[PDB]
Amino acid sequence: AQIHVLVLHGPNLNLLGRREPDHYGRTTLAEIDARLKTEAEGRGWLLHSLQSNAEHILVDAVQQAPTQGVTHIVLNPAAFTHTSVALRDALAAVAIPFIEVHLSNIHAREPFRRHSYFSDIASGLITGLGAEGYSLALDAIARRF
C-alpha cells in the first residue's frame, strides 16, 4: 500500500535545456527528475523516472509497473500523445491511474496537437505550466491522500 510513482517522459523530453537556454528554457530533464525524486522521498514514497524516444520502452515500463508495485503513473507522452495507441492500451490493460502532463499548451499549437490518445482514460490532466506540471502531478496524488 506504499505510494510508488512511475514518471514516464516521452520522446524529445531529453532535449530540455539543450538549445538556446535563454529563449526556450534552461531546466533539464535531469533537474526535473531530481526534484520529483526529492518531493517523493519527502513524502515517504517510491518514485522512478524513465524517458525514452522508443514507444516500446514506455509500453514495457507500463506493462512491468504492476509487479514492480507502482500505484500511480505521471505521464508526459510528448509526441506520442497524438500517435501511441500502444501506450494508451498498455495503460488501460494495467489499470494504474495516471495523470497526463504537458509542458506546453497543446491547444495553442498545430491543430493535430489538440487530440490526445490519453485524455479520455487519464485520472487527471495538467498542461501549460512547464516543468512545474510534474510537481503539481505529485501534489495531486498527495492531495488525494
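In this text, residue numbers run from 1 along the sequence as written.
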query	finding
Per the entry, higher mean C-alpha B factor between 22-30 and 56-64	22-30
Stretch with the greater mean C-alpha B-factor as recorded in the entry, comparing 100-108 against 37-45	37-45
For residue 5, the third of its chain into which the C-alpha B factor falls	middle
Chain third (lowest, middle, highest) by recorded CA B-factor, residue given as residue 124	lowest
